[PDB]
Structures are given as C-alpha cells and as structure tokens.
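**Student:** quick check, what structure comes out for this input:
(one chain, ligands or ions: 2)
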Amino acid sequence: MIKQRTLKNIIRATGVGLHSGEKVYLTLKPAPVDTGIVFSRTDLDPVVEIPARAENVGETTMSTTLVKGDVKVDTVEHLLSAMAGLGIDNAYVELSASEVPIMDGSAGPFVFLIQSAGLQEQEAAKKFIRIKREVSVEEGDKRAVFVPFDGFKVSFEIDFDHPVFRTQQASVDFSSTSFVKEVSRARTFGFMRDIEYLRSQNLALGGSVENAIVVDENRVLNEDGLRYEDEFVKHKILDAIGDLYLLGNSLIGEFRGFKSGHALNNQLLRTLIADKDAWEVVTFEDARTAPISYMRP
Ligand SMILES: CC(C)C(=O)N1C[C@H](NC(=O)[C@@H]2C[C@H](F)CN2)C[C@@H]1C(=O)NCc1ccc(C#Cc2ccc(CN3CCOCC3)cc2)cc1
Ligand SMILES: [Zn+2]
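**Tutor:** Numbers count the residues shown, from 1 in each chain. Ligands and ions are numbered 1, 2, ... in the order given. Below is the structure in question.
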C-alpha cells in the first residue's frame, strides 16, 4: 500500500518572517498517523496549535495565514508546498513567532532540511482527495478550477503589465516533473516601487535580495538573476501546491490558476470541501496500480 509519511528526525531552522521581520525558531517534529500538518505557537503559554486546514485560514491578502482566536501563523504556503511535494502527511511545526521563516524565498531550503532529516513511512494507508467533478470559482478576471484527473497536475497563468514579465504561463504534471528540481527552488518576488508603501503597512519588513526576486522598473535587481526562465509563474505553482495542501491530504486531480492567489485559492478549497459530490477520499492498497508515485523515503 502507499503508506502515510512523517519525519524520521526533527528539523530545526532559524530565520526571519518576510512580512514581520521577526526572528523565528522553527522545529518540525514527527507526528502520529492521521495527525496531518499542525502548526504550534510555542512562544505562547499555553501553546496554541492550529491544524493546516482550509477551515483555519484567516487573512490571505499578503500570504496564507492560519488563525485561532486572536493567534495567527503567517506565511505557511512555502513550508506546506515542501510538505506536499515530499508527501509528508503528519508533522508538528513549532514556531517561536507568528511568521514561518522566509529562508531564501522558495521551498528549497525546507525540502533540503527535510530530506537531510529523512522521512519515515507509517503503518497506515495514505489518504488522497480525488476530484470527481469540475469545481470552478471566478471573481472579476481571476479563475481557479479543480478538474478530475488520474494523477496530479497544476497549471498557472499570471499577467503583469511589466517589462520584466518572460514565460507567464506554466504547466507541471508530476508523472514527469520533479517537484524538487523544477518547482521547489522558485523564489517569491516583489516590485521595488511597492516596498515603501508595504513597509508603511508593516509588510515586507524582512524582505531582501537574499529571500526574494526584487524587480525594479526594467530589471531584476538580484545580482545573480533568476533560477528558472519562468521563475515567477513557477513560484505561483509552488504557492498553489502549498494552498492545495490545506485540504489536509494529497490531491488526485488537476488545478488550473488564472491570475489566482491565496484568497481565490481559499474560495476554491471552501467550494470543493462543501460540494461533497465533487470529491472523495481514496487510498491505494497496491502502489503498482496507483496513478501517482512518491520518491523512496
Ligand atoms: C505582485 C504581488 C502582489 C503578487 O501577486 N505576488 C504573487 C507572489 N506571492 C507569493 O509568493 C506569496 C505571498 C508571499 F509573497 C509569499 N507567498 C509574489 C508576489 C507577492 O505577494 N510578493 C510579496 C513580497 C513583497 C515584498 C517583498 C520584498 C522586499 C524587499 C524589501 C526591501 C529590500 C531592501 N532594499 C530596499 C530598497 O531598495 C533596494 C532593496 C529588498 C527586498 C517580497 C515579496
Ligand atoms: Zn510564495
């Protein structure tokens, strides 16, 4: 059977929040079968635990935020993208501050820390959410769709009226694409012209060329340039895989994003979860007949 996976060993990282600029200690720990991904504010007494599930999403303007009462965990999407990409079902994510560290702006550093620690297969069938019917949400020009598909593939289109903005559409299908090699290293991006305003709104306080592609009038300011010709749209795919993981299980289906973001992605997850005709939970007792496969642990 395709088995649930957790961490073999703990992961420790120290970083800075993109929006808050706060120094943060991150610990990933193994968790039991059917725990899912659970975030924990360990700086609070008592500790506040928030499951990484669509029901717990608050703010989606600046990044994906989990909320329980007045307690928040900001910017979960890059770490959730890493967990979904590597097939991690169960983990406790302890944080000493509200915001997950930004690292280099991609999922690359989290993927490397997790694969160094190693994964542990658990004695329980991995659960998958299988898309059975097309579910689409629109608002203005933006659209997010789930489509039935025997596998897992993600399409994204952005449209920035900017000289720097290259390939603005990309498709990944994990029957060929390596999450690790082709998606995970894609960094977040911000426009230089927006930073002053953002800082006045207490956003991008931790932003630097070390953790983001900074775009000037006409060029990327980063001295070493882009990791991928299509890094901007690859990063939107990375964000989308993280947001999709708020379903609490790996997807069997297709996601298509058309100028979508955290907010429409959340409207799409909420609409899917509510329409129980459009999905079911499936397991695979035989890996050899499954439409997806995962790296050795
Ligand atoms: C254009 C923007 C509205 C958008 O649609 N985005 C889609 C992508 N979203 C994501 O990737 C999500 C949301 C979070 F970004 C993480 N996951 C990307 C980007 C975004 O939200 N980007 C957010 C953002 C905003 C600002 C910065 C920055 C910065 C910065 C600030 C200062 C400095 C230092 N100096 C300042 C003076 O001039 C020289 C440099 C450097 C960088 C990064 C990301
Ligand atoms: Zn992002």
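
**Student:** ligand 1 contacts on the stretch 51-200 of the chain?
**Tutor:** Selection of the stretch 51-200 of the chain residues close to ligand 1 by C-beta under 6 Å from any ligand atom yields 63, 75, 77, 188-190, 192, 195, 198. (Each C-beta comes from the backbone N, C-alpha and C, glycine too.)

**Student:** looking at those, which is nearest residue 24?
**Tutor:** Checking these against residue 24 with C-beta to C-beta, the nearest one is residue 75 at 10.0 Å.

**Student:** circling back to that earlier point, name the member of the residues of the stretch 51-200 of the chain next to ligand 1 that has the highest neighbour count.
**Tutor:** Neighbour counts for those (other C-beta atoms under 10 Å) peak at residue 77, which has 26 neighbours.

**Student:** quick check: it touching residue 62?
**Tutor:** No. Contact criterion C-beta atoms under 8 Å: residue 77 and residue 62 do not qualify, at 11.0 Å.

**Student:** whatever residue of the stretch 51-200 of the chain ends up closest to ligand 1 in helix, strand or coil?
**Tutor:** Closest residue of the stretch 51-200 of the chain to ligand 1, C-beta to the nearest ligand atom: residue 190 (2.7 Å). Classification of residue 190 using DSSP: H, G, I helix; E, B strand; the rest coil returns strand.

**Student:** tell me the contacts of the residue lying closest to it once chain neighbours are set aside?
**Tutor:** Excluding the flanking residues, the one nearest residue 190 by C-beta to C-beta, 6 or more residues apart in numbering is residue 212, at 5.4 Å. By C-beta atoms under 8 Å, 6 or more residues apart in numbering, residue 212 lies in contact with 18, 102, 105, 187-190.

**Student:** wait, the residue of the stretch 51-200 of the chain closest to ligand 1 sits on residue 209?
**Tutor:** No. If you go by C-beta under 8 Å, residue 190 and residue 209 don't touch, sitting 10.5 Å apart.

**Student:** which bits of the stretch 151-297 of the chain sit near ligand 2?
**Tutor:** 188, 239 (C-beta under 5 Å from the ion).

**Student:** three-state assignment of the residue nearest to the spatial centre of the chain?
**Tutor:** Compute the mean C-alpha point of the chain, and by C-alpha atoms, centre = their mean the closest residue is residue 242, 1.8 Å away. Residue 242 falls in the helix class when you classify it by three-state DSSP.

**Student:** tell me the contacts of residue 234?
**Tutor:** Going by C-beta under 8 Å, 6+ apart, the list of residues near residue 234 reads 170, 182-183, 186, 228.

**Student:** that one and ligand 2, how far apart?
**Tutor:** Counting by C-beta to the ion, to the nearest Å, the gap from residue 234 to ligand 2 is 11 Å.

**Student:** from here on, call the first residue 37.
**Tutor:** Sure, I'll start counting at 37 from here, so that last one is residue 270.

**Student:** not counting sequence-adjacent ones, nearest residue to that residue?
**Tutor:** Among residues not flanking residue 270 along the chain, residue 222 sits closest, at 3.6 Å (C-beta to C-beta, 6+ apart).

**Student:** likewise residue 319?
**Tutor:** Using C-beta to C-beta, 6+ apart, the nearest residue to residue 319 is residue 161, at 3.7 Å.

**Student:** any idea what the one you found is bridged to?
**Tutor:** residue 39 (DSSP bridges).

**Student:** look up the closest residue to the residue of the stretch 87-236 of the chain found nearest ligand 2, ignoring the ones flanking it.
**Tutor:** Proximity of the stretch 87-236 of the chain to ligand 2 (C-beta to the ion) peaks at residue 224, 4.3 Å away. Setting aside the residues directly before and after it, residue 224 is nearest to residue 141 in space (C-beta to C-beta, 6+ apart), at 4.3 Å.

**Student:** which residues touch the one you found?
**Tutor:** For residue 141, the contact set (C-beta under 8 Å, 6+ apart) comprises 54, 114, 223-225, 247-249, 271.

**Student:** turn those residues into CSV, columns for secondary structure.
**Tutor:** Output for the contacts of residue 141, formatted as CSV (three-state DSSP):
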residue, secondary structure
54, coil
114, helix
223, coil
224, coil
225, strand
247, coil
248, coil
249, strand
271, helix
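
**Student:** looking at those, which one is closest to residue 189?
**Tutor:** residue 271 (17.3 Å).

**Student:** dig out what residue 167 forms beta bridges with.
**Tutor:** Beta-bridge partners recorded for residue 167 (DSSP bridges): residue 315.

**Student:** so how far is residue 299 from it?
**Tutor:** 21 Å (C-beta to C-beta, to the nearest Å).
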